[PDB]
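A single chain, nothing else alongside it, follows as structure tokens in the form deposited in one PDB entry.
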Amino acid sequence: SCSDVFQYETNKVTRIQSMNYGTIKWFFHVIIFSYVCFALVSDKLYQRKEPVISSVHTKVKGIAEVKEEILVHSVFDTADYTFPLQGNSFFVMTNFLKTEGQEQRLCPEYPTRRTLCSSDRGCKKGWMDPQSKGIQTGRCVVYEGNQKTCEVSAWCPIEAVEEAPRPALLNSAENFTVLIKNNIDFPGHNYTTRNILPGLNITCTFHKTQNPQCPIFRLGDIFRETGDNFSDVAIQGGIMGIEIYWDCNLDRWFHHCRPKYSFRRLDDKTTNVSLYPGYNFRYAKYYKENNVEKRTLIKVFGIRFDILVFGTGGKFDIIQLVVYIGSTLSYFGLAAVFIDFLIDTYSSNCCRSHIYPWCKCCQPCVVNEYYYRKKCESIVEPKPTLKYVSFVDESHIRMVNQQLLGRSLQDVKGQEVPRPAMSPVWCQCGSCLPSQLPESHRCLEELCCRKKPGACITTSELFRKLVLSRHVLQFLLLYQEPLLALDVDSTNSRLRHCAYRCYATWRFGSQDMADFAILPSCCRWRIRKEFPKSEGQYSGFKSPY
């Protein structure tokens, strides 16, 4: 119903005044809070992070004087050694080998171990060797005087097998400069900036400490920063990376979005000719001469510069913070978990029978028995099999949560449960009687008031004062029903049930065990004698559940 909707359930709690546990709780809380704040701040987990969208534009500057034997002096400018940056990469030629006046013809292949012949049996028509730029015609010819080489159809004359010139022809390229312009954007945060801001000095050159924001770089300085020789790499070529890192905060109070420049060599410094060391490619300059289609082939060596731009942009997001705080909230209950674990452990009698005698340091931890007593109440499943038995000659109570398979309840021994703090052959007292229940159910009432021979509880004065005092029982009956008037037999039955309940409460205490207790035949039949029923038999114990 509606009134049941408008309810609040609050947990019952025990507040303990202990320095140890308060100190532990506050220590836990302080450490957890400090770590939570540190993790939130260091990794900015209140921020939503967007990756960078980048555009790069480069401008290389410089000329080189080149000496090539033929000796001639020539000047190379940007139109001769570089092309506009494509795909965030730009290339600078540093060395070249040139092969003028090639024609599509038949020619002898350049002398090598493979191409050196002695007759037309060393060559096969149509042969495509992976190390040749031509197709064999099956007959081998003279390259020069004694030298005999296989004939090929190809661009002729064939390139000579020659190493890259040493020193590199454009070794002056280390004095070339490149200006890098980097445009970035965070489309989700709707923010874009660039690496060159107004006021930036435009005549500087980059230095990691002196000019760490000048976007003009001398190539030799890059190689020096990486620990490489420009002179050696310029001979066979290579690949160098220019890294631009953007760690940007777009909160207007803490706003900072500037690039960090870094350098990394990207080509493997392999010396294995099988892996094609360096960076080179073959380029054809086509031209017509005498109506004959000709080709000048250049083997180009140089350094490719890859501009690598990465990073993130962060702005405060409420949902991310809400998620993080929720992910952290459950860590504040670990103090309670740990302290309750301590209470449960140091309440074990083990921790006092063995541990404390050895480690006498841990002895004051015995207060946890009191704490556990004030914290936890233990109950059992009220199964129909549940039964409780008490012996006057003993000092504990027995939970017979087991089915009597024709065994006298006196014989069946159950679990030992402490009492709350504030003639048959199974009879050890000589005042018990055999049950009148059916033979199947006769064993439940085959119980005596004691385990070992001696006196009977029915002779105790308290038995006559509490269980059998008709005045006490009538007062109890009238307490619930002030104006109660009943017949003789009805009143006798009422007083009989009241006497059963009074005995059970006296001997077992808690109504939990009194509801499932079992009266001895001595006390049972004493009560039934004092308050008999007019006619019929007695049902006996019925489990409430």
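Counting begins at 1, following the sequence as shown. Throughout, rigid core stands for the largest set of C-alpha atoms superposing within 1.5 Å between the two forms.
The same protein also exists as the form deposited in another entry; that form is not shown, yet it is the one meant from here on.
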With the two forms fitted on the rigid core, I'd like to know which residue in 466, 235, 351, 367 is displaced by 2 angstroms or more at its CA between the shown form and the other one.
235
Core-aligned CA displacement of residue 109 at least 2 Å between the shown form and the other one:
yes
Is residue 121 among the residues whose Cα moves by 2 Å or more between the shown form and the other one after superposition of the rigid core?
yes
Rigid core superposed, CA of residue 487 - does it shift 2 Å or more between the shown form and the other one?
yes
